[PDB]
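Working notes, beginning with the structure itself.
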Amino acid sequence: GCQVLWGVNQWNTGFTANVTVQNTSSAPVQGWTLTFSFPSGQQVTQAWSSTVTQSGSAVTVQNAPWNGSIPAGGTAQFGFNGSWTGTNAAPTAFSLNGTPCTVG
């Protein structure tokens, strides 16, 4: 069980996603990988507190060395900037280590 919070700062040609992964399960997490797809053509241009990989619309986010341990109930935060054009919709589905997440 996982839950993602998707925070957004928005401007004319770019945006920031400030993300929270919530370990809503009863088991601790040691190393995590978050996957999602962009719905609007967005492209990652900068990442922090993680390693972000994109191919086409698909994005993979891997933990940094200092934030891979999420206790049961705890959170981890990462962020990235991206470019966008036209529209900038949020992703509608996320998966953490294969597990489909809810969205706050």
Side-chain angles (χ1 to χ4, degrees):
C2 51
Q3 170 153 300
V4 172
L5 303 181
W6 194 263
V8 174
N9 292 335
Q10 175 79 60
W11 58 96
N12 60 332
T13 59
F15 65 95
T16 303
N18 293 319
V19 190
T20 304
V21 296
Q22 292 168 336
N23 189 2
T24 51
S25 89
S26 43
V29 172
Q30 307 288 357
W32 53 265
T33 285
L34 182 72
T35 50
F36 62 84
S37 301
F38 283 123
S40 313
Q42 297 94 328
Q43 178 162 293
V44 173
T45 61
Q46 169 179 13
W48 53 87
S49 302
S50 51
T51 298
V52 177
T53 310
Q54 181 170 359
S55 178
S57 59
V59 186
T60 303
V61 187
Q62 294 169 331
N63 59 251
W66 51 272
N67 72 340
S69 290
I70 318 181
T75 67
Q77 296 187 130
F78 68 94
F80 62 93
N81 298 327
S83 59
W84 71 284
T85 169
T87 62
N88 192 29
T92 54
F94 306 85
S95 305
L96 189 77
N97 292 108
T99 307
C101 306
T102 148
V103 298

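For the single chain, residues carry numbers from 1 onward in sequence order. Just so you know, these numbers use all the heavy atoms, side chains as well, and skip hydrogens, waters and symmetry mates.
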Hydrophobic clustering (ILVMFWY, side-chain heavy atoms < 4.5 Å, transitive) - are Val61 and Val8 grouped together?
yes
Any luck finding a side-chain donor-acceptor pair between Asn18 and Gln77 under 3.5 Å?
no
Any luck finding a side-chain donor-acceptor pair between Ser83 and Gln43 under 3.5 Å?
no
Check whether any side-chain heavy atom of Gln3 sits under 4.5 Å from a side-chain heavy atom of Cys101, and report yes or no.
no
Would you check if the side chain of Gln42 reaches a backbone N or O of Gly82 as a donor-acceptor pair within less than 3.5 Å?
no
Minimum heavy-atom separation for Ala17 to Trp6, with atom names?
CB-CZ2, 3.7 Å
Measure from the side-chain N and O atoms of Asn81 to the backbone N and O of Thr45, and report whether any donor-acceptor pair falls under 3.5 Å.
no
Between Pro100 and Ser95, which heavy-atom pair has the shortest distance, and what is it?
CA-OG, 4.1 Å
How far does CG of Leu96 sit from OG1 of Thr35, to the nearest 0.5 angstrom?
8.0 Å
Closest heavy-atom contact between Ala64 and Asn67?
N-OD1, 2.7 Å
Counting N and O atoms only, with roles assigned by atom type, does the side chain of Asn23 sit under 3.5 Å from a partner on the main chain of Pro71, one being a donor and the other an acceptor?
yes
Main-chain N/O of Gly56 paired with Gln54 side-chain donor or acceptor, under 3.5 Å:
yes
Would you name the heavy atoms of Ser40 and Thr87 that are closest together and state the gap between them?
CB-O, 3.3 Å
Donor on one side chain, acceptor on other, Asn97 and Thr99, under 3.5 Å:
no
Between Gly79 and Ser50, the two heavy atoms sitting closest are O-OG, 4.3 Å
If I take atom CG from residue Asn9 and atom OG1 from residue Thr16, how far apart are they, to the nearest 0.5 angstrom?
5.0 Å
Do you know the tightest heavy-atom contact between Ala27 and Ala72?
N-CB, 3.8 Å
4.5 Å side-chain heavy-atom contact, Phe78 and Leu34
yes
Angle between ring planes, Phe36 versus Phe38, binned at 30° and 60°: parallel, tilted or perpendicular?
perpendicular
CG (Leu5) and CD (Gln22) are apart, to the nearest 0.5 Å, by 4.0 Å
Using 0.5 Å steps for rounding, measure from the CG atom of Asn63 to the CD1 atom of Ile70.
8.0 Å
